[PDB]
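Encoded as structure tokens, the following chain is the form deposited in one PDB entry, with no partner shown.
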């Protein structure tokens, strides 16, 4: 059979991630802008079974290693768009920078039809980094894309600088996407809040305990926002294909606000267990501490429910929930994207439930 024709050819760097996994789905839909798409999906681990069941050409590669990346990506002469949706899982500026440089150095000399590089960062651009030593004054919100860089060693700054330099030199377009908190389904993410809260809820249910909210008062009652992984995918694809979005920094959220108070009630209902909400006068407790000895319990759950086998620390990031539940005042604006013609949105309450439903369909959670 003659070689298959594609209109566009994506390199998704971080294909097992919370957005990369969505891109692997969304890019292959028949009506997706820029389609038909061929998808190369890059990650460090062996292709998981769930991803092997998708029409994605998986490339196992440690992108922090330059010679390996050259060897693995330089043969991919047909790439048209790069979606960089990866990070090393620490805030180390140079390791993260090296990963992104390696992608560009390996692809740009070899992909003569390369058009665009999508760089995914996030709303930490506006408020700072997670490293405990960093005592920094964030910007006030709503966050908009005209806010200047904070005086902090945020690896996002280095990634942008590389993006601008390398696209500029090579007559490529660029986009920087700054998603809010992601609502997604990947069990291989280092920061999946829905999966994390679903695992907590599952363990509570397993142990005949209530779904006890461990967070701060402020994070219970404040306005919060998030972004569905599929909407991030759609926003990145929009910037990759639509001339109006090119060479722009762009926030990405669902377009609404919610409260954790309301999400919590929904979570309890979804698992058919009692909730204990925020109790007046109580201080936040560490969910990471509450769950520190639960690995064997999770193993037992996986076995009893015949789930996709996951290690507790890989499917859940309890430390990340702890940060979410002592955060407030982090709302980001979608006006710039809307004014440029991107009218994609989600109902965040419905998005949260859709992620639960999807994780159950995939057998990641009971």
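Residue numbers count along the first chain shown, from 1. In this text, the rigid core denotes the largest set of C-alpha atoms whose superposition between the two forms falls within 1.5 Å.
Only in words, not in the display: the form deposited in another entry, which the text now covers.
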- Just one of 195, 120, 189, 251 has a CA that shifts 2 Å or more between this form and the one not shown on a core fit; which is it? 189
- Could you check whether the CA atom of residue 152 moves 2 Å or more between this form and the one not shown, using the rigid core for the fit? yes
- Compared with this form, is the residue 320-residue 187 Cα separation smaller or larger in that other deposited form, the difference being 3 Å or more? farther
- Closer or farther: how do the Cα atoms of residue 169 and residue 126 compare in that other deposited form relative to this form, given a change of at least 3 Å? farther
